[PDB]
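Right, one structure below, let's go through it.
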Amino acid sequence: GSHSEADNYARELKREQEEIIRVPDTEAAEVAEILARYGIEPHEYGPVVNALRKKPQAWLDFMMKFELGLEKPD
Amino acid sequence: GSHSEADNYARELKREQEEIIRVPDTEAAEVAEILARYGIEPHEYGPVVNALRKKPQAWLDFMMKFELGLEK
Ligand code: NI
Ligand code: NI
Ligand code: NI
Ligand code: NI
Ligand code: NI
Ligand code: NI
Ligand SMILES: [Zn+2]
Ligand SMILES: [Zn+2]
Ligand SMILES: [Zn+2]
Ligand SMILES: [Zn+2]
Ligand SMILES: [Zn+2]
Ligand SMILES: [Zn+2]
Ligand SMILES: [Zn+2]
């Protein structure tokens, strides 16, 4: 039929927040991996990671876009 | 006739590259504003923006993925 389940966004949003809460250290290295793909060095991305960790809402939206390739609608 | 997925990307890769050559500082601001979107402070994102300006293909890759949302 015509579809109305919470899409992949809604489902991924849930999963991603838990990880942040439950294994923040793992989610922080994920950001390193992502930025490191583009040649960036730890001394350059260290403070970025550090900024996101102190901002649980930002960090979630960051992971959504950078790790998972999905935009917050509106 | 044909529209290769390779073609649509090489067309957009061309355009954005011609932007990095013609208006590089404007493109550096594009990265800035994308990062600042996530409450990162210019002292924090500055060096990243700098890191990219020094590796133009990475900087080009970065825009392709995160500014335009395209994949290889
Ligand atoms: Ni149906
Ligand atoms: Ni994870
Ligand atoms: Ni360095
Ligand atoms: Ni045709
Ligand atoms: Ni541009
Ligand atoms: Ni600060
Ligand atoms: Zn169906
Ligand atoms: Zn569906
Ligand atoms: Zn997933
Ligand atoms: Zn995840
Ligand atoms: Zn993650
Ligand atoms: Zn046609
Ligand atoms: Zn462009």
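Ordered as shown in the structure tokens, chains take letters A, B, and onward, while each chain numbers its residues from 1 and ligands are numbered from 1 in the order shown.
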Segment 1-11 of chain A environment, 9 Å, only C-alpha atoms, sequence neighbours closer than 2 positions dropped, as a PyMOL selection string: chain A and resi 13-16+64+70-72
Could you tell me which residues of chain A sit within 12 Å of chain B when counting only C-alpha atoms, and give me the result as a PyMOL selection string? chain A and resi 32+34-72
Could you write those residues out with N, CA and C atoms, as a compact mmCIF listing (two decimals), in the first residue's frame?
# COMPACT_ATOMS: atom_id res chain seq x y z
N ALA A 32 36.67 10.88 13.67
CA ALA A 32 38.09 10.90 13.26
C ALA A 32 38.17 10.23 11.90
N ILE A 34 36.16 9.71 9.59
CA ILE A 34 35.43 10.43 8.52
C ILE A 34 36.29 11.60 8.01
N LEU A 35 36.83 12.37 8.94
CA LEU A 35 37.62 13.58 8.64
C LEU A 35 38.97 13.12 8.11
N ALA A 36 39.48 12.01 8.66
CA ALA A 36 40.82 11.51 8.26
C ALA A 36 40.77 11.06 6.80
N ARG A 37 39.61 10.61 6.31
CA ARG A 37 39.49 10.23 4.88
C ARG A 37 39.98 11.40 4.02
N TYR A 38 39.71 12.64 4.46
CA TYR A 38 39.99 13.90 3.71
C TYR A 38 41.34 14.50 4.11
N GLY A 39 42.20 13.69 4.75
CA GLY A 39 43.64 13.94 4.87
C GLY A 39 43.92 14.64 6.17
N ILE A 40 42.87 15.07 6.86
CA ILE A 40 42.97 15.87 8.11
C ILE A 40 43.70 15.06 9.18
N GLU A 41 44.51 15.74 9.99
CA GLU A 41 45.39 15.11 11.00
C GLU A 41 44.71 15.26 12.35
N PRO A 42 45.01 14.38 13.32
CA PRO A 42 44.38 14.43 14.64
C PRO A 42 44.45 15.80 15.30
N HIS A 43 45.61 16.47 15.27
CA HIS A 43 45.80 17.80 15.92
C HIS A 43 44.82 18.81 15.30
N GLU A 44 44.50 18.67 14.01
CA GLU A 44 43.54 19.50 13.25
C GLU A 44 42.09 19.12 13.61
N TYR A 45 41.70 17.84 13.72
CA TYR A 45 40.28 17.41 13.97
C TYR A 45 40.02 17.12 15.47
N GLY A 46 41.05 16.92 16.30
CA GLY A 46 40.88 16.72 17.75
C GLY A 46 39.89 17.71 18.38
N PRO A 47 40.11 19.05 18.25
CA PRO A 47 39.21 20.04 18.84
C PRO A 47 37.76 20.05 18.30
N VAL A 48 37.59 19.66 17.03
CA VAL A 48 36.24 19.50 16.40
C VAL A 48 35.52 18.39 17.18
N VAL A 49 36.08 17.19 17.17
CA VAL A 49 35.50 16.03 17.91
C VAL A 49 35.10 16.51 19.30
N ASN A 50 36.05 17.12 20.00
CA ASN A 50 35.95 17.63 21.39
C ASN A 50 34.74 18.59 21.50
N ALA A 51 34.52 19.44 20.49
CA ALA A 51 33.38 20.39 20.43
C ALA A 51 32.06 19.63 20.35
N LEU A 52 31.95 18.69 19.41
CA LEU A 52 30.74 17.86 19.21
C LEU A 52 30.42 17.08 20.51
N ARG A 53 31.41 16.55 21.21
CA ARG A 53 31.15 15.71 22.41
C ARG A 53 30.40 16.52 23.47
N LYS A 54 30.66 17.82 23.53
CA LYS A 54 30.08 18.72 24.56
C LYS A 54 28.73 19.27 24.09
N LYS A 55 28.08 18.64 23.10
CA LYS A 55 26.87 19.18 22.42
C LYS A 55 26.07 18.02 21.82
N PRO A 56 25.51 17.14 22.68
CA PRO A 56 24.76 15.97 22.22
C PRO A 56 23.73 16.12 21.09
N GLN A 57 23.11 17.30 20.91
CA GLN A 57 22.11 17.51 19.81
C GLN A 57 22.88 17.67 18.49
N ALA A 58 23.84 18.61 18.44
CA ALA A 58 24.77 18.86 17.30
C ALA A 58 25.40 17.55 16.83
N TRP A 59 26.14 16.90 17.72
CA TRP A 59 26.80 15.58 17.46
C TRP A 59 25.86 14.62 16.74
N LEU A 60 24.61 14.51 17.19
CA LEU A 60 23.64 13.60 16.53
C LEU A 60 23.46 14.04 15.08
N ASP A 61 23.15 15.32 14.87
CA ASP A 61 22.90 15.82 13.50
C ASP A 61 24.19 15.65 12.69
N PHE A 62 25.35 15.90 13.29
CA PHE A 62 26.65 15.70 12.60
C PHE A 62 26.69 14.25 12.10
N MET A 63 26.63 13.25 13.00
CA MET A 63 26.69 11.80 12.63
C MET A 63 25.68 11.54 11.51
N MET A 64 24.43 11.98 11.65
CA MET A 64 23.39 11.77 10.59
C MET A 64 23.96 12.13 9.22
N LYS A 65 24.49 13.34 9.06
CA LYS A 65 24.98 13.88 7.75
C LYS A 65 26.27 13.17 7.33
N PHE A 66 27.30 13.21 8.17
CA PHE A 66 28.70 12.85 7.83
C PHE A 66 28.86 11.33 7.78
N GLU A 67 28.42 10.60 8.81
CA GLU A 67 28.58 9.12 8.91
C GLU A 67 27.57 8.41 7.99
N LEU A 68 26.32 8.88 7.97
CA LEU A 68 25.13 8.13 7.47
C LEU A 68 24.57 8.76 6.19
N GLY A 69 25.01 9.95 5.78
CA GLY A 69 24.55 10.62 4.55
C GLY A 69 23.04 10.85 4.51
N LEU A 70 22.50 11.63 5.46
CA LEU A 70 21.05 11.95 5.59
C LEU A 70 20.91 13.35 6.19
N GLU A 71 20.00 14.15 5.64
CA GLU A 71 19.75 15.56 6.06
C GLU A 71 18.56 15.61 7.03
N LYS A 72 18.67 16.47 8.06
CA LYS A 72 17.54 16.84 8.96
C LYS A 72 16.55 17.66 8.13
Residues within 12 Å of ligand 13, counting only C-alpha atoms and all ligand atoms: report them as a PDB file with N, CA, C and O atoms, in the first residue's frame.
ATOM      1  N   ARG B  11      30.385  15.896 -14.750  1.00  0.00           N
ATOM      2  CA  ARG B  11      29.796  17.236 -15.080  1.00  0.00           C
ATOM      3  C   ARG B  11      29.811  18.092 -13.812  1.00  0.00           C
ATOM      4  O   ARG B  11      30.233  19.228 -13.879  1.00  0.00           O
ATOM      5  N   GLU B  12      29.382  17.539 -12.685  1.00  0.00           N
ATOM      6  CA  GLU B  12      29.258  18.290 -11.414  1.00  0.00           C
ATOM      7  C   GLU B  12      30.659  18.448 -10.793  1.00  0.00           C
ATOM      8  O   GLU B  12      30.946  19.547 -10.243  1.00  0.00           O
ATOM      9  N   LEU B  13      31.517  17.428 -10.931  1.00  0.00           N
ATOM     10  CA  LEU B  13      32.936  17.471 -10.480  1.00  0.00           C
ATOM     11  C   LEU B  13      33.672  18.574 -11.234  1.00  0.00           C
ATOM     12  O   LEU B  13      34.559  19.210 -10.624  1.00  0.00           O
ATOM     13  N   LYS B  14      33.352  18.747 -12.520  1.00  0.00           N
ATOM     14  CA  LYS B  14      33.992  19.762 -13.391  1.00  0.00           C
ATOM     15  C   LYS B  14      33.641  21.145 -12.828  1.00  0.00           C
ATOM     16  O   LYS B  14      34.564  21.888 -12.485  1.00  0.00           O
ATOM     17  N   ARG B  15      32.342  21.423 -12.676  1.00  0.00           N
ATOM     18  CA  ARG B  15      31.743  22.712 -12.228  1.00  0.00           C
ATOM     19  C   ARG B  15      32.394  23.170 -10.925  1.00  0.00           C
ATOM     20  O   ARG B  15      32.884  24.281 -10.910  1.00  0.00           O
ATOM     21  N   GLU B  16      32.317  22.344  -9.878  1.00  0.00           N
ATOM     22  CA  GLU B  16      32.843  22.567  -8.501  1.00  0.00           C
ATOM     23  C   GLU B  16      34.362  22.779  -8.514  1.00  0.00           C
ATOM     24  O   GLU B  16      34.839  23.588  -7.696  1.00  0.00           O
ATOM     25  N   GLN B  17      35.097  22.018  -9.334  1.00  0.00           N
ATOM     26  CA  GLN B  17      36.565  22.173  -9.523  1.00  0.00           C
ATOM     27  C   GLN B  17      36.867  23.568 -10.099  1.00  0.00           C
ATOM     28  O   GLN B  17      37.875  24.193  -9.643  1.00  0.00           O
ATOM     29  N   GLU B  18      36.038  24.018 -11.064  1.00  0.00           N
ATOM     30  CA  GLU B  18      36.137  25.334 -11.780  1.00  0.00           C
ATOM     31  C   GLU B  18      35.770  26.469 -10.810  1.00  0.00           C
ATOM     32  O   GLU B  18      36.177  27.628 -11.056  1.00  0.00           O
ATOM     33  N   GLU B  19      35.016  26.129  -9.760  1.00  0.00           N
ATOM     34  CA  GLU B  19      34.727  26.984  -8.586  1.00  0.00           C
ATOM     35  C   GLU B  19      35.936  27.044  -7.631  1.00  0.00           C
ATOM     36  O   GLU B  19      36.149  28.121  -7.026  1.00  0.00           O
ATOM     37  N   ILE B  20      36.690  25.953  -7.448  1.00  0.00           N
ATOM     38  CA  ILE B  20      37.843  25.941  -6.495  1.00  0.00           C
ATOM     39  C   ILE B  20      38.980  26.743  -7.121  1.00  0.00           C
ATOM     40  O   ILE B  20      39.689  27.428  -6.387  1.00  0.00           O
ATOM     41  N   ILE B  21      39.079  26.717  -8.448  1.00  0.00           N
ATOM     42  CA  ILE B  21      40.107  27.463  -9.229  1.00  0.00           C
ATOM     43  C   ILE B  21      39.755  28.954  -9.343  1.00  0.00           C
ATOM     44  O   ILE B  21      40.688  29.725  -9.230  1.00  0.00           O
ATOM     45  N   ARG B  22      38.482  29.321  -9.572  1.00  0.00           N
ATOM     46  CA  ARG B  22      38.014  30.699  -9.914  1.00  0.00           C
ATOM     47  C   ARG B  22      37.708  31.492  -8.646  1.00  0.00           C
ATOM     48  O   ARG B  22      38.056  32.671  -8.645  1.00  0.00           O
ATOM     49  N   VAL B  23      37.073  30.886  -7.631  1.00  0.00           N
ATOM     50  CA  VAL B  23      36.674  31.547  -6.345  1.00  0.00           C
ATOM     51  C   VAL B  23      37.024  30.646  -5.159  1.00  0.00           C
ATOM     52  O   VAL B  23      36.158  30.299  -4.356  1.00  0.00           O
ATOM     53  N   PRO B  24      38.307  30.291  -4.932  1.00  0.00           N
ATOM     54  CA  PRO B  24      38.659  29.416  -3.811  1.00  0.00           C
ATOM     55  C   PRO B  24      38.190  29.919  -2.424  1.00  0.00           C
ATOM     56  O   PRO B  24      37.677  29.108  -1.646  1.00  0.00           O
ATOM     57  N   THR B  26      35.641  31.770  -1.477  1.00  0.00           N
ATOM     58  CA  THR B  26      34.170  31.560  -1.394  1.00  0.00           C
ATOM     59  C   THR B  26      33.869  30.094  -1.077  1.00  0.00           C
ATOM     60  O   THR B  26      32.913  29.872  -0.333  1.00  0.00           O
ATOM     61  N   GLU B  27      34.639  29.146  -1.633  1.00  0.00           N
ATOM     62  CA  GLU B  27      34.449  27.681  -1.414  1.00  0.00           C
ATOM     63  C   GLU B  27      34.907  27.342   0.011  1.00  0.00           C
ATOM     64  O   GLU B  27      34.281  26.459   0.653  1.00  0.00           O
ATOM     65  N   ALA B  28      35.960  27.998   0.505  1.00  0.00           N
ATOM     66  CA  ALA B  28      36.477  27.761   1.871  1.00  0.00           C
ATOM     67  C   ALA B  28      35.378  28.155   2.839  1.00  0.00           C
ATOM     68  O   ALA B  28      35.164  27.439   3.796  1.00  0.00           O
ATOM     69  N   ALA B  29      34.661  29.241   2.552  1.00  0.00           N
ATOM     70  CA  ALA B  29      33.515  29.716   3.375  1.00  0.00           C
ATOM     71  C   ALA B  29      32.403  28.670   3.334  1.00  0.00           C
ATOM     72  O   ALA B  29      31.612  28.620   4.285  1.00  0.00           O
ATOM     73  N   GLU B  30      32.303  27.917   2.236  1.00  0.00           N
ATOM     74  CA  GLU B  30      31.208  26.940   2.053  1.00  0.00           C
ATOM     75  C   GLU B  30      31.399  25.874   3.120  1.00  0.00           C
ATOM     76  O   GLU B  30      30.374  25.570   3.795  1.00  0.00           O
ATOM     77  N   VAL B  31      32.656  25.427   3.299  1.00  0.00           N
ATOM     78  CA  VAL B  31      33.081  24.411   4.316  1.00  0.00           C
ATOM     79  C   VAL B  31      32.828  24.975   5.717  1.00  0.00           C
ATOM     80  O   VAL B  31      32.070  24.367   6.518  1.00  0.00           O
ATOM     81  N   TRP B  59      39.791  18.417  -0.669  1.00  0.00           N
ATOM     82  CA  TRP B  59      38.893  19.584  -0.513  1.00  0.00           C
ATOM     83  C   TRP B  59      37.796  19.408  -1.559  1.00  0.00           C
ATOM     84  O   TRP B  59      36.633  19.460  -1.144  1.00  0.00           O
ATOM     85  N   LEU B  60      38.138  19.058  -2.807  1.00  0.00           N
ATOM     86  CA  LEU B  60      37.132  18.751  -3.878  1.00  0.00           C
ATOM     87  C   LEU B  60      36.251  17.551  -3.464  1.00  0.00           C
ATOM     88  O   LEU B  60      35.030  17.639  -3.600  1.00  0.00           O
ATOM     89  N   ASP B  61      36.845  16.463  -2.981  1.00  0.00           N
ATOM     90  CA  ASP B  61      36.090  15.284  -2.516  1.00  0.00           C
ATOM     91  C   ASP B  61      35.076  15.750  -1.461  1.00  0.00           C
ATOM     92  O   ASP B  61      33.852  15.484  -1.594  1.00  0.00           O
ATOM     93  N   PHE B  62      35.562  16.457  -0.460  1.00  0.00           N
ATOM     94  CA  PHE B  62      34.768  16.939   0.682  1.00  0.00           C
ATOM     95  C   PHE B  62      33.552  17.692   0.200  1.00  0.00           C
ATOM     96  O   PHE B  62      32.498  17.541   0.816  1.00  0.00           O
ATOM     97  N   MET B  63      33.682  18.511  -0.839  1.00  0.00           N
ATOM     98  CA  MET B  63      32.533  19.353  -1.281  1.00  0.00           C
ATOM     99  C   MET B  63      31.534  18.416  -1.959  1.00  0.00           C
ATOM    100  O   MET B  63      30.326  18.444  -1.602  1.00  0.00           O
ATOM    101  N   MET B  64      32.059  17.603  -2.881  1.00  0.00           N
ATOM    102  CA  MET B  64      31.267  16.633  -3.671  1.00  0.00           C
ATOM    103  C   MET B  64      30.361  15.887  -2.679  1.00  0.00           C
ATOM    104  O   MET B  64      29.131  16.038  -2.816  1.00  0.00           O
ATOM    105  N   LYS B  65      30.933  15.259  -1.644  1.00  0.00           N
ATOM    106  CA  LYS B  65      30.155  14.482  -0.639  1.00  0.00           C
ATOM    107  C   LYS B  65      29.252  15.398   0.192  1.00  0.00           C
ATOM    108  O   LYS B  65      28.031  15.203   0.124  1.00  0.00           O
ATOM    109  N   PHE B  66      29.806  16.361   0.934  1.00  0.00           N
ATOM    110  CA  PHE B  66      29.074  17.079   2.012  1.00  0.00           C
ATOM    111  C   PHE B  66      28.408  18.386   1.538  1.00  0.00           C
ATOM    112  O   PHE B  66      27.433  18.807   2.174  1.00  0.00           O
ATOM    113  N   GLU B  67      28.889  19.052   0.493  1.00  0.00           N
ATOM    114  CA  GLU B  67      28.195  20.269  -0.006  1.00  0.00           C
ATOM    115  C   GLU B  67      27.124  19.828  -1.011  1.00  0.00           C
ATOM    116  O   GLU B  67      26.014  20.356  -0.969  1.00  0.00           O
ATOM    117  N   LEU B  68      27.436  18.906  -1.905  1.00  0.00           N
ATOM    118  CA  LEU B  68      26.498  18.575  -3.006  1.00  0.00           C
ATOM    119  C   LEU B  68      25.761  17.265  -2.702  1.00  0.00           C
ATOM    120  O   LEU B  68      24.757  17.019  -3.337  1.00  0.00           O
ATOM    121  N   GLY B  69      26.264  16.432  -1.790  1.00  0.00           N
ATOM    122  CA  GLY B  69      25.604  15.167  -1.424  1.00  0.00           C
ATOM    123  C   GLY B  69      25.819  14.048  -2.430  1.00  0.00           C
ATOM    124  O   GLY B  69      25.037  13.116  -2.382  1.00  0.00           O
ATOM    125  N   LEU B  70      26.872  14.087  -3.252  1.00  0.00           N
ATOM    126  CA  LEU B  70      27.130  13.118  -4.356  1.00  0.00           C
ATOM    127  C   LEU B  70      28.164  12.082  -3.912  1.00  0.00           C
ATOM    128  O   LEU B  70      28.949  12.402  -3.018  1.00  0.00           O
TER     129      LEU B  70
END
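Taking atom CA of residue 29 of chain A as the reference point, atom CA of residue 17 of chain A is found at 15.4 Å.
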Ligand 12: which residues are within 8 Å, counting only C-alpha atoms and all ligand atoms? Reply as number ranges by chain. B: 1-3
Could you take the residues named above and write them with N, CA, C and O atoms, as an mmCIF file, in the first residue's frame?
data_model
loop_
_atom_site.group_PDB
_atom_site.id
_atom_site.type_symbol
_atom_site.label_atom_id
_atom_site.label_comp_id
_atom_site.auth_asym_id
_atom_site.auth_seq_id
_atom_site.Cartn_x
_atom_site.Cartn_y
_atom_site.Cartn_z
ATOM 1 N N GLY B 1 19.868 10.360 -26.351
ATOM 2 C CA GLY B 1 20.602 9.102 -26.032
ATOM 3 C C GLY B 1 21.013 9.063 -24.575
ATOM 4 O O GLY B 1 20.246 9.621 -23.761
ATOM 5 N N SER B 2 22.207 8.507 -24.294
ATOM 6 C CA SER B 2 22.721 8.064 -22.965
ATOM 7 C C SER B 2 22.873 9.227 -21.977
ATOM 8 O O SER B 2 23.188 10.366 -22.373
ATOM 9 N N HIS B 3 22.684 8.898 -20.708
ATOM 10 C CA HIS B 3 23.124 9.686 -19.535
ATOM 11 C C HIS B 3 23.786 8.702 -18.544
ATOM 12 O O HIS B 3 23.075 8.079 -17.710
#
